[PDB]
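One-based numbering along the sequence shown. Both ligands and their constituent atoms are indexed starting at 1 by order of listing.
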Amino acid sequence: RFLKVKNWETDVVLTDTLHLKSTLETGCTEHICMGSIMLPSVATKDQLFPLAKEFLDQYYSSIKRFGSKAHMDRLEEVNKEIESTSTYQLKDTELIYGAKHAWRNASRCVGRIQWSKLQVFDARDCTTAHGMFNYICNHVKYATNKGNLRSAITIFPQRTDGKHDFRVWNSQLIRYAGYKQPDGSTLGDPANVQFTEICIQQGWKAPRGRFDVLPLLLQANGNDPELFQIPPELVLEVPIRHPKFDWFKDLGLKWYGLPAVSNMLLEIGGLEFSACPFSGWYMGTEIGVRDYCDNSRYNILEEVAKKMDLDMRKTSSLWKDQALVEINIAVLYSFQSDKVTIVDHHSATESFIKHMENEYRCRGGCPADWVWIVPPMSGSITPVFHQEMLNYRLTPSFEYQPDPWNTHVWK
Ligand code: HEM
Ligand SMILES: Cc1cc(N)nc(-c2cc(CN(C)C)cc(F)c2F)c1
Ligand SMILES: C[C@H](O)[C@H](O)[C@H]1CNc2nc(N)[nH]c(=O)c2N1
Ligand SMILES: [Zn+2]
């Protein structure tokens, strides 16, 4: 019960005691492992205090004033506020620590070497969807920083009763639209075809093309959500060119610089933040491999193989692999010749091993989801493929949450 994780590329071995602090459950039992299930699966005051205590204990431990008077009075203070309101409010400092450690514990995140460099935007004074829009806009502009991207999170008011939730209804602040066609097929992004429809049902006017930036659907205090259009000067986009093939210009592709997940739930000391968009920068593969070449996404292996003139008759010609490697050189190249922050799957996976070492040394471990950490191309030529990882669920944490349109008691 002081487990060992080995690397088989380097024979390096690390000891994990951090998993002992784990509290939540994984999905796995002694007789079944669910490590490749994607989504494995109101709160009272009784449950609420251990979670405040637990969180408050590590936060003061982190500023190296564990259990002091300043801690015990904060423990007493929260306890009484959970008596008084059956909930409580986080200090500015507790919110930043909590948020940063949700990221630090995001076991499916490969870019976590950066977890301490996170800009926390406190939007807990927000009351309206217009305020949400305005907080998100400052987030986008700040985190984009002219392309020298910066990690940021914007934390809207915590869930209270359940019927008054702040939700960003988009899965990401910036996504391209998804239009099915009369002839069945799909323009834009097939991922978002329902969301694109919801925006239309609430009154969007779609420029029914490809890389159409969707509008924000912001629900404030449980109210029915409202559409807002991010000023296009804030939506930084990178046109994809290849450093060889000039028909790659005519491919006519671009991606947005800012990956910013808006649909997850941030958990700090038992408090539930249902609207907490967070942003970093892209590893190339999520664009080049997944976005562009997932079969039910942009599905561009067909055309990129074409304009290379490749043996598409047969499967064993690896024409798909060949076209994938070029696509990803191009995504990278475009982003870097534009000074827009991006990381290649090699650089990022090496950093994660370096980050893993730091974690096991100064923290006793690092939760990691090998299914998610290994880049979706060239697996074994990246050092994380060869790295055993213990996955376990620490807190504070980012958590999946149901889409608001399945849950929303509407009017
Ligand atoms: C700064 C550069 C960052 C890089 C290079 C990076 C990299 C990645 C990648 C490649 C994924 C997999 C995405 C996918 O395949 O769908 C991911 C997932 C994730 N990352 Fe990061 N990320 C960064 C920033 C952040 C930040 C700022 C946070 C939180 C504040 C965060 C927390 C997460 C979460 C919650 C997930 C998804 C877990 C899930 O979907 O179940 N990351 N990251
Ligand atoms: C902060 C950040 C950096 C980065 N490189 N990627 C992501 C990211 C994560 C998911 C995970 N789930 C919501 C499916 C989906 C995406 F499309 C992303 F872009 C987020
Ligand atoms: C079936 C499997 O769980 C699913 O494809 C997962 C696999 N690993 C992944 N890893 C990352 N980074 N992103 C993903 O979307 C997925 N999808
Ligand atoms: Zn398992």
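- Using a 4.0 Å cut-off between heavy atoms, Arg108 makes no contact with ligand 2 at all.
- In this pair, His242 and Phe248 present their aromatic rings tilted. The plane angle is within the 30 to 60° band.
- In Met264, neither the side chain nor the backbone holds a heavy atom less than 4.0 Å from any atom of ligand 2.
- The aromatic ring centres of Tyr60 and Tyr97 sit 6.0 Å or more apart.
- Here the shortest heavy-atom distance to atom 14 (C) of ligand 2, taken over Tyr282, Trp281, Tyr400, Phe278, belongs to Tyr400.
- Between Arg74 and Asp57 there is no salt bridge, since no side-chain nitrogen of the basic residue lies less than 4.0 Å from a carboxylate oxygen of the acidic one.
- Any N or O atom pair closer than 3.5 Å counts here, and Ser151 shares no such pair with ligand 1.
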Q: List the steps, then state whether salt bridge (charged side-chain N to carboxylate O under 4.0 Å, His left out) holds for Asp212 with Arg208.
A: CA-CA 7 Å; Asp212 304 356; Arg208 298 193 128 112; over 6 Å; no

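- For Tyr282, the closest heavy-atom approach to ligand 1 does not fall below 4.0 Å.
- Salt bridge status for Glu303 with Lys307: present, with a side-chain N to carboxylate O gap under 4.0 Å.
- With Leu258, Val261, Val110 as candidates, the residue nearest to atom 20 (C) of ligand 2 on a non-hydrogen basis is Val261.
- When the heavy atoms of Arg290, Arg175, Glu286, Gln114 are ranked by distance to atom 19 (F) of ligand 2, first place goes to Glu286.
- Below the 2.8 Å limit, the Zn ion (ligand 4) has as protein N, O or S neighbours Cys28 SG, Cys33 SG.
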